[PDB]
Every structure is written in structure tokens, then in C-alpha cells.
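FYI, side chains are in, hydrogens and waters are out, and symmetry mates aren't considered; it's all heavy atoms of this structure. Convention: sequence-line order gives letters A, B, ...; per-chain numbering from 1. Indexing begins at 1, ligand by ligand and atom by atom, following the structure's order.
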Amino acid sequence: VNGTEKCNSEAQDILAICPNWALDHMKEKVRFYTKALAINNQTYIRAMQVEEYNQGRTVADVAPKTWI
Amino acid sequence: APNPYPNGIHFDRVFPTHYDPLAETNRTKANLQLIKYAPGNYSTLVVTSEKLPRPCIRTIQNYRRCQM
Amino acid sequence: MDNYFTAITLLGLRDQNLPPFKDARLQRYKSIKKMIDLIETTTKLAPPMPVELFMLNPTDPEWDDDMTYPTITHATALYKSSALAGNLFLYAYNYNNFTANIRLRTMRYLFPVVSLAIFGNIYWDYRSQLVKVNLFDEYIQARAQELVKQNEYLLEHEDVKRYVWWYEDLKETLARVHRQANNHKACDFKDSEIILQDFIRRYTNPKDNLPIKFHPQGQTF
Amino acid sequence: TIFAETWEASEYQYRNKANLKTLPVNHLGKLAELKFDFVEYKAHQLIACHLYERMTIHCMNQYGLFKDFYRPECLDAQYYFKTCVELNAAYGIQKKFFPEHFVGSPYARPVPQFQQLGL
Amino acid sequence: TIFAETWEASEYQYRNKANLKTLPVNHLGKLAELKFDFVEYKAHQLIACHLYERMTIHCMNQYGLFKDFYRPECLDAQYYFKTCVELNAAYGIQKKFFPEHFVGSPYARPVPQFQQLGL
Amino acid sequence: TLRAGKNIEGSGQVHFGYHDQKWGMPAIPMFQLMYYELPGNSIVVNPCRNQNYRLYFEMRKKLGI
Amino acid sequence: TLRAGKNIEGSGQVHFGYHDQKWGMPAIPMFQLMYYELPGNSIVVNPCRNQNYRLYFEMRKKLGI
Amino acid sequence: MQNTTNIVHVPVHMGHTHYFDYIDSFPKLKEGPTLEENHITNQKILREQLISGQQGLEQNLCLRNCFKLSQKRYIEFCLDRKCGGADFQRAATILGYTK
Amino acid sequence: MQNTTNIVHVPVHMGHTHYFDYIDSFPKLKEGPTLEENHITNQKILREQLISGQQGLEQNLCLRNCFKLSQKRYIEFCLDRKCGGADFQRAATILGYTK
Ligand SMILES: CCCCCCCCCCCCCCCCCC(=O)OC[C@H](COP(=O)([O-])OCC(O)COP(=O)([O-])OC[C@@H](COC(=O)CCCCCCCCCCCCCCCCC)OC(=O)CCCCCCCCCCCCCCCCC)OC(=O)CCCCCCCCCCCCCCCCC
């Protein structure tokens with residue numbers, strides 16, 4: 001509603017009222033999801049990597065076949 | 001042996017004795033059902049260091065000598 | 001060993017049998033390694049939907065009441081009823097003494113007064129517990145219908161349609177995926193890589209520093 | 001996802017946590033508890049959780065799902081299959097996003113770079 | 001160095017280690033065990049380890065260092081003075097180079113910045 | 001405590017190390033007049049829980065019950 | 001163990017938690033034939049220590065002793 | 001470390017009594033109004049809210065329920081769909097969320 | 001955490017014997033020469049060193065002792081004062097410390 005620049009008092013209430021173990025849990029969640037983000041993106045790069053047997057091939061070269 | 005230096009650390013057995021090392025001149029003996037005092041009746045605070053293994057030291061000396 | 005059913009299906013164990021020799025068999029295991037990374041990536045591209053759709057917000061100040069569950073202690077009422085019946089047997093077993101011996105006149109006179117007070121407590125607790133359970137049951141039903149009509153509109157948002165269209169796109173895509181060869185190589189799903197890569201390219205931007213971006217309502221596991 | 005028939009038992013043990021569970025290989029002895037006749041190839045018994053599934057299909061083909069499937073040898077096969085795929089899905093996710101929890105990972109106890117030794 | 005007569009007892013207790021010793025104030029009761037007459041001002045009894053030092057001087061002035069100083073009231077004063085300045089020197093260095101070991105330090109359990117909470 | 005995630009070496013409460021021990025109450029009248037064991041039946045739900053029934057009485061009148 | 005820096009809760013070796021126990025040799029001939037207690041007098045200094053005396057014999061000859 | 005070890009951030013005072021160990025008092029503990037004085041105070045606030053603070057209440061309750069949603073785009077959908085097309089910043093000023 | 005937990009970096013093989021738990025073998029363990037064969041090999045080295053490796057030894061022993069000092073400035077002071085003015089890089093080549 002007011003933007004981040006006008007929320008210092010509300011940010012200080014979190015650091016004061018939340019117990020220290022809760023702040024350590026909040027700090028660790030950001031570090032875990034940063035790790036999980038890099039892991040999901042490394043899977044993306046390996047998945048979206050074009051192998052040597054698919055050079056220049058697009059969806060037009062796919063055969064009209066299904067799983068069966 | 002001199003009176004051990006006053007140490008407020010103690011461990012109760014039956015009831016909280018509220019041990020005060022400054023309330024008496026000579027420290028009363030510890031009874032099994034009353035109290036256990038802190039370890040080191042005659043002990044001071046020092047800083048110590050473990051000694052690295054001899055083979056680990058020989059590799060450090062070889063690196064420094066090869067470095068210089 | 002996650003993605004078990006996916007890996008078993010890609011290996012063909014649903015319709016055929018693996019080669020009986022370790023050489024070709026172990027190559028076939030490593031051949032689905034690329035496809036698992038593709039299918040894992042596809043399942044992390046789902047668009048968000050309102051969380052207040054099938055789940056009330058537990059952080060709402062309305063639930064600060066910390067109400068408990070009113071119960072009827074059937075076992076307690078049944079025990080105390082049997083203990084009261086035990087007193088009635090003790091009087092009946094000793095009827096002639098309680099009735100004729102004047103030394104027991106006070107027990108004869110005040111036994112029913114105590115028995116009524118004992119019954120009064122047994123039934124009072126049961127009756128009061130019964131009223132509280134009925135008050136609890138009728139409130140959660142009435143309050144729930146008020147919250148349904150209040151949040152019905154959230155099902156009219158386009159995010160619900162965007163979510164279903166993505167799921168149907170994944171179903172049609174995975175149906176087009178097929179095994180192409182039996183050389184026990186990664187190229188056995190050569191055309192399927194193009195299909196899944198086109199799906200991933202459809203909902204993300206590959207030429208970004210972070211193609212998969214984090215948002216609190218995202219997919220991690 | 002395990003891309004082989006066999007896995008190192010220690011690679012799925014925790015290093016900085018108490019080890020209260022293992023990830024054992026498929027219990028081949030349970031296959032001999034089935035009294036009826038069936039055809040099973042040895043090339044399918046080592047891959048994780050799949051033997052229990054094939055046993056469940058054999059039991060659900062011989063018997064049904066009502067009053068005949070409810071025998072000790074057939075219910076344990078269905079329970080092992082359901083439990084195996086649940087543990088392996090949990091260990092697989094923990095292997096993907098928490099690789100430093102297991103023995104054998106270089107991040108469980110990181111070895112420092114030589115620049116950190118100050119020599 | 002403590003720049004006052006009094007110090008918070010909790011500020012010299014460890015937060016992440018077992019507390020087996022304290023840094024107690026001067027034992028004023030030992031001052032009454034001296035049998036001879038002496039002059040002591042109350043303005044000097046609270047500063048750390050100095051009361052035991054003045055007691056030692058009073059005992060070494062009344063008696064000497066041979067066969068007369070060797071009495072329980074005088075030897076405990078010298079032992080307390082030597083032990084007090086040793087413990088305070090160790091606690092002083094630990095307070096200077098390991099301030100994060102003690103209760104009350106903001107680095108014993110650091111509170112994170114708001115930028116680390118991801119809000 | 002074990003289920004809560006704390007492995008336990010040894011057993012009992014006679015702590016060998018640097019911990020406070022709590023022996024059983026001496027079965028003599030002196031300690032039996034000063035102390036008494038904690039009765040679990042005296043730990044109760046706060047009566048403020050009964051004030052939630054105010055919602056029920058108001059909902060009934062709103063619905064014409 | 002306590003002096004070495006490990007605080008001890010409880011006491012004894014009958015571990016309540018997730019640890020292996022060793023109950024002690026059953027005093028029956030079956031276990032008394034397979035097992036025997038560790039004799040401390042059998043843990044010795046390595047005899048290679050005696051080879052340092054070679055330094056003494058060579059020094060005595062160098063000094064003309 | 002001692003199993004019975006706690007770190008307290010507010011001052012407490014312990015009792016100097018034999019055989020007992022407890023917190024007998026808190027420094028500078030001021031007693032506010034009684035439970036009866038607070039009750040009378042709250043009755044006056046609730047009475048004025050009952051008599052003079054019930055008109056136009058249905059509209060403010062809808063604005064409050066919309067602002068308890070997770071995402072802002074759902075709040076704007078709630079205000080437009082349920083609150084007769086109210087503005088985000090205009091309703092935030094009514095409820096008192098604007099600085 | 002189990003108290004009897006160990007992380008080993010080399011392969012071991014545990015014996016599958018009742019009532020006993022131990023390491024019965026090490027995989028791919030190669031047995032070298034016996035204690036007597038090593039003794040005969042070492043004597044051939046010590047005999048050559050005794051007969052033909054004792055001339056000009058005092059100079060090399062002084063260079064070796066100087067290079068066991070802590071700082072380099074003390075090594076140079078040792079070479080200049082004790083070893084007859086030897087050069088640092090030249091003495092390091094004799095001792096085999098140069099690459
Ligand atoms: C390790 C094992 C663990 C297992 C667990 C179980 C352990 C065993 C428990 C055994 C004790 C209970 C015995 C239950 C019956 C067992 C059969 C038996 O008695 O032994 C054979 C017994 C023979 O005993 P014997 O050892 O061979 O020789 C006896 C001696 O010669 C001398 O003759 P005697 O007549 O003088 O001897 C009397 C004899 C036997 O006398 C009897 O007749 C037994 C009567 C027992 C009734 C107990 C109260 C039940 C009240 C009736 C409830 C009915 C509800 C029905 C609801 C729908 C209908 C409206 O002894 C007793 O009285 C036993 C009573 C035990 C004390 C119970 C007092 C409880 C008060 C404390 C409260 C505790 C809370 C729990 C209460 C649980 C209540 C359910 O057979 C008979 O007595 C035949 C009786 C035929 C006429 C009776 C017709 C029914 C009249 C019922 C009384 C009505 C009272 C008013 C109604 C009150 C409610 C409205």
C-alpha cells in the first residue's frame with residue numbers, strides 16, 4: 001500500500017516481537033530457497049541443452065507419433 | 001591446602017541451597033545429599049592449543065621451505 | 001529413487017522386459033537421465049491459483065478464539081451410573097437391616113437424598129455437555145455456509161483458467177512423448193526432447209539468467 | 001532418481017544426523033512366500049521397489065481384491081511397494097535438494113581451500 | 001580492564017559453554033579474620049583483587065615471611081590475591097579478544113539484518 | 001525427549017556431570033509440609049474458552065432460532 | 001570423559017536412546033570361552049624404543065669412553 | 001552445558017528463602033487498573049460502538065475481508081467484484097492502512 | 001548421533017561371524033617384502049653410505065642444520081657464519097630443495 005521505503009517501523013516490529021529462533025528460521029528459509037532455486041535452474045540447463053543428435057532439429061522434424 | 005577461591009557454581013541434590021561462597025570463611029564440605037561444587041578446587045583459566053600431527057607438520061615445513 | 005513411476009514407464013517395464021544382460025540393461029538406465037531432467041522441469045512451471053480457494057486462511061484473526069472440542073464423557077457417565085447402581089444393590093442386599101434396625105435410620109432416610117444428588121450430578125454434566133455439542137455443531141455449519149458465499153467469486157478469476165489450460169497442455173504433451181528406438185541410448189527419446197523443450201520454452205524464457213524464477217507460491221519439490 | 005540396479009548403502013546414510021533408517025535392497029525372500037505359480041525374471045528384481053510391485057500384480061491376478069487377496073504374503077507385498085516408493089521419493093528429494101546431509105558428499109564436511117590456511 | 005568497582009556477574013558468564021566458574025566480588029568476610037589492628041577504608045574494598053593485595057601487605061607488615069606469616073588467615077589472603085589477578089587477567093583477555101563468548105554480547109547470538117529475512 | 005529429537009546416553013536422573021539433580025522428596029514430615037507433588041489434574045484449560053459460546057448465542061438470534 | 005570436555009547427563013552405560021549397549025560377559029562357560037576381558041598389562045611400549053640406545057653406544061665410542 | 005539454563009531479557013528478582021527457589025518480584029512492576037475498572041472502560045467503548053458505530057458497517061467489513069487476501073491482484077478483484085468497484089488506495093485510506 | 005560412529009575413507013571388509021564384529025581383511029591388500037628382505041635391502045644402502053658416503057659430510061650437515069631455522073634471515077646468517085659464506089640458492093641446490 002505504501003511501498004517498502006515507508007515500512008521501517010513495521011520491519012522493526014518484526015525484529016523485536018518475533019523471538020530469535022523465529023528470526024533464525026526466517027533467515028534460513030531464504031538460504032534454502034536460494035539453494036533450491038540454483039538446483040532447479042541447473043536442471044533447466046541440462047534439460048534445455050541441445051545434444052549433438054538434435055542439432056538443427058525443431059518441432060517440424062518430430063514424427064506424428066504418440067506414447068503407444 | 002588454602003581455601004579454594006570463591007566459586008558460586010554448584011549443583012543441588014535434594015533442595016536449592018542458595019550457596020554463597022562469600023557468606024562463610026572456610027568452604028563447608030560437600031555432602032552427598034546437599035551439594036556438589038564446581039570442578040577444580042585449585043584451578044585457573046588458561047588458553048591451550050592442540051599439537052598438530054607430526055606428518056602434518058612435516059608437510060607444512062616442506063611447503064614453507066619450498067616457498068622461500 | 002524419486003520419479004519412480006516415470007522412470008519405470010520410460011524404461012518400458014509397463015509393456016516389455018529389460019534385456020537380460022547387465023551391459024545393455026545398465027545403459028538403458030542411464031538413457032532416461034535426460035528425460036527425467038526435462039519432466040522434472042515441466043512440473044515446476046505451474047501457474048499459481050488463489051490459496052483462499054479450498055482452504056481458509058489459518059492466520060485470519062477470526063480463528064484466534066482457540067476454541068476446543070466439546071465432548072460427552074460417555075464412559076464417565078456410564079461408570080458413575082454403575083457406581084450409583086452399586087449403591088442401590090448395597091441397599092437391596094442389606095434391605096432388612098436398613099429398614100428395621102433403627103440404628104440405620106439415618107441411612108434409610110437420607111440414602112435417596114444422596115442418591116438423587118448423585119443422579120443430579122451425573123445427568124447435569126451429561127445434559128450440559130449435550131447442549132454444548134449441539135451448539136458447536138450448528139455454528140460450524142452456519143458459519144461455513146456464510147464463508148462459502150463470501151468467497152465464491154474467487155473461482156471466477158482467470159488464474160483458475162490459466163491453471164487448467166497449463167495442466168491440459170502438459171497432458172497433451174506427455175501423451176505425444178514416445179520411445180523412438182531401442183538402442184539403449186539417450187537418442188531413443190530424440191524427438192521427445194524437442195517436444196518437452198518446446199513446452200518449457202513456452203512458459204519460460206531460456207535466454208535469462210534465471211529462467212525459473214522464485215515466487216512464494218511456486219514449485220520447488 | 002537412481003539410474004542403476006544397485007546403490008551404495010552408505011551414500012544414503014546421514015553424516016551429521018542419527019541413522020534410524022536404511023534404504024535396503026529388495027527383499028528377495030518375500031518372493032518365495034507366494035504359493036502359486038508365476039513367471040519372474042531375475043533382470044527385474046534388483047531395481048528399487050519394482051519387485052514388490054510385480055508381486056502385487058501377481059497376487060492381484062491370482063486372487064482379487066476381496067477376501068482372497070487378504071493373506072499375509074500378498075498384503076506385505078502391497079505394503080512394501082507402497083512404503084518403498086514413499087521412502088525413495090523422500091530420499092530422492094532429499095538427495096536432490098539436501099545433498100550435504102549424506103555420507104560421501106563433499107559438502108557434508110567441506111575441505112577448505114589452500115588460501116584459507118594462511119600459509 | 002574493568003573501569004569500575006562493580007561489574008555485572010552475568011557479563012562474565014559464558015553463553016555457549018558450561019559455566020564452571022564465576023568472577024565474584026571481593027570476599028569482605030576474610031578481612032575480619034585478621035587478628036591484629038589495621039586501618040582499612042571502605043573506598044578500597046570493592047575494586048577487583050585489591051582488597052586481597054592490601055590484606056597481604058598488612059599481614060606481611062605485622063608478621064614477616066618466615067614462620068609467622070604461615071597462618072591460615074595470611075596464606076589465604078596471598079593465595080586469593082594471586083588467584084584473583086590470574087583469573088582477571090584471563091577474563092580480561094577473553095573479554096577483549098573473545099567478547100562473543102559472554103552473555104550480553106550482541107555477537108554471542110547475532111540478530112540478522114532485515115535484508116536477510118526475505119520479506 | 002527421545003521422540004522430540006534428543007538422543008539419550010545413559011539413563012536415570014542422577015546426573016554424573018555438571019547438572020542439578022532433583023532427588024525424591026524425603027519421606028519425612030518436614031519436607032512433606034513444605035512440598036507436594038504436582039497434580040496433573042490441576043492444569044486446566046483457561047475459562048476464557050467458554051466466552052466463545054457468546055458467538056453461538058448471537059448466531060442463534062440472527063438466524064431466528 | 002567429563003574432564004575431556006563432554007558433559008554427562010544421567011549415568012551408567014544402559015543407554016536409553018539410540019546407542020549400542022554392552023551388558024557384560026555372561027558368567028557361563030559358553031561366553032567365557034569366546035571372550036576375555038582386556039588385560040591392561042598387555043598394552044606395552046613398542047620395543048623399537050630400545051633401538052634409541054644405539055645412539056648411546058655410538059656416542060660412547062666417539063667420546064673415547 | 002547445564003540442562004536447566006535459560007537466558008532472560010527482562011530483569012527478575014529471586015527469593016532469598018531456604019528450600020525454595022522462585023521469582024518473587026519484578027523490578028518496577030506497576031499495577032494497572034483492576035479487572036473491574038478495565039471492564040467498565042471497555043463497556044463504554046462497546047456501548048458507543050453499538051449505538052453510533054453500526055451504520056455503513058457492511059461496506060467496511062467487505063473492504064476488510066478483501067484486504068486479507070494473499071495477493072494484491074486478488075484484492076483488486078475482490079474490491080471490484082464484491083465492494084461495488086472500490087479503489088485500492090481509496091479503501092486502504094478508509095481502513096487506515098495508508099501512511 | 002550414535003556414539004560408536006566412524007567415517008572411514010578406505011574400504012574395509014567386516015567378518016560375518018556370530019558373536020564377533022571385526023575387520024577381517026582389506027580389499028586389494030598387497031603384501032610387500034618381509035622384514036628380513038627389507039633388512040637386507042636396507043643394509044645394502046647403509047653399507048654403501050658407510051663406505052663411500054662419508055667424505056665431505058661435515059659441510060653438508062652444516063648446510064642442513066642452517067635450513068632448519070625459522071626465518072630466512074637467520075638461515076643466511078647461519079650460512080655466512082658457520083658454513084664459510086655459502087649462498088642461499090646454491091646451498092639449496094646441493095640439498096635438493098630447488099625445483
Ligand atoms: C480376576 C477376575 C477379574 C474379572 C472381573 C470380574 C470379577 C468378578 C466380579 C464378581 C462380583 C460381581 C458379581 C456379579 C454377578 C456374578 C454372579 C454371582 O453373583 O455369583 C453367583 C451367585 C451365587 O453366589 P455364590 O458365590 O455361589 O454363593 C453365595 C453365598 O452362598 C451367599 O449368598 P449371597 O447372596 O449372600 O452372596 C451374594 C453374592 C452374589 O450376589 C449377587 O446376586 C450378585 C449381584 C451383583 C449385582 C451388582 C450390581 C448390579 C446392579 C444391577 C444392575 C442391573 C441393570 C439392568 C438394567 C436393565 C433392567 C432395568 O456376592 C455379591 O453380592 C457380589 C457383589 C459384588 C459387590 C458389588 C457391589 C458394587 C458396589 C460398589 C460399586 C463399584 C462400582 C462397580 C459396580 C458395577 C455395577 C454393574 O448367584 C446368585 O447370587 C444368584 C442370584 C439370583 C437372584 C438375583 C436376581 C437379580 C437381583 C440383582 C440385584 C438387584 C439390586 C437392585 C437393582 C440395582 C440397580 C437398579
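In this structure, B:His10 has its ring center no closer than 6.0 Å to that of B:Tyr37.
The shortest separation from a heavy atom of C:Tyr93 to ligand 1 is under 4.0 Å, placing the residue in contact.
Given atom 100 (C) of ligand 1, the protein heavy atom at minimum distance is C:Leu88 CD1, 4.1 Å. Looking at atom 47 (C) of ligand 1, its nearest protein heavy atom turns out to be C:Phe89 CD1, 4.1 Å. At the shortest separation from atom 77 (C) of ligand 1 among protein heavy atoms lies C:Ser82 O, 3.5 Å. Of all protein heavy atoms, the one lying nearest to atom 53 (C) of ligand 1 is C:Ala85 CB, 4.8 Å. Atom 70 (C) of ligand 1 has C:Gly86 CA, 4.0 Å as its closest protein atom, hydrogens excluded (heavy atom only). Closest to atom 74 (C) of ligand 1 among all protein heavy atoms lies C:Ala83 CA, 4.8 Å.
In this pair, C:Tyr4 and D:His50 present their aromatic rings tilted. The plane angle is within the 30 to 60° band. In this pair, D:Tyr52 and D:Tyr80 present their aromatic rings perpendicular. The plane angle is above 60°, beyond the 30 to 60° band.
Distance check on atom 82 (C) of ligand 1: every protein heavy atom falls at or beyond the 4.0 Å cut-off. Proximity of atom 66 (C) of ligand 1 to the protein is not indicated, since no non-hydrogen protein atom lies closer than 4.0 angstrom.
For the atom pair OG1 of C:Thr99 and CZ of C:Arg105, the computed distance is 14.5 Å after rounding to the nearest 0.5 Å. Annotation: the span from D:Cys59 atom SG to D:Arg54 atom CZ amounts to 12.5 Å, rounded to 0.5 Å.
Under a 4.0 Å N-O distance rule, the pair F:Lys62/C:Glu146 qualifies as a salt bridge.
With sequence neighbours left out, G:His19 forms a ring pair (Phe, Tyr, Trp, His ring centres under 6.0 Å) with G:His15.
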